[PDB]
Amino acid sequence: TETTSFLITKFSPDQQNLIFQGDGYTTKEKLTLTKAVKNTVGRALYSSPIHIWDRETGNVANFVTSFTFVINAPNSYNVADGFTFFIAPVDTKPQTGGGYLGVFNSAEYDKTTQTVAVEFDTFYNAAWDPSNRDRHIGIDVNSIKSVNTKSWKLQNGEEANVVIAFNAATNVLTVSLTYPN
């Protein structure tokens, strides 16, 4: 059996257990991925590699992650790109920026990307986002073109509570986002 757990309820300026990429950094007790500036990318990864499936046994891990995040845009009409929680190879570096969310490089399935992401997408990319043009949550598998999406109304500046859980017996990934009002 192998378990990994961590809880961080307030970030420190020297958070040595995180890996920061691009614009990512900590403090005001918070983790900042991007400031409100154009054409940028920030990522933050947990330091320890996680054993998510076992080659010997073929077992796959159950996991749950909870986090609170905020998007703060100058006006709620012009926001861009979005945010993701992602699972990727151990030595991942930032992928394409902008609509690709720093996690993918195409809208076609690329098996070498080897990444699963839960996206909170704030900008409609005609090439691949839902034609309703709504902001949305999406499950992404080796492509920026989600396997499934749900329309989501962004509450600018509000804390969003998210829970993402994976059930190994069923291979079901569940995502929940909750705003207090």
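The first residue of the shown sequence is 1; numbering continues from there.
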Read off the CA B-factors in the entry, average them over 148-156 and over 38-46, and name the higher stretch.
148-156
Ranked by mean Cα B-factor in the entry, 112-120 and 53-61, top stretch is 53-61
Compare the CA B factors listed in the entry for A165, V162, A169, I19 and report the winner.
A169
If you rank every modelled residue in this chain by C-alpha B factor, which third holds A107: lowest, middle or highest?
highest
Could you look up the Cα B-factor of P74 in the entry and say which third of the chain it sits in: lowest, middle or highest?
highest
Third of chain Cα B-factors occupied by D140:
lowest
Ordered by C-alpha B-factor within the chain, which third holds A126? Give me lowest, middle or highest, please.
highest
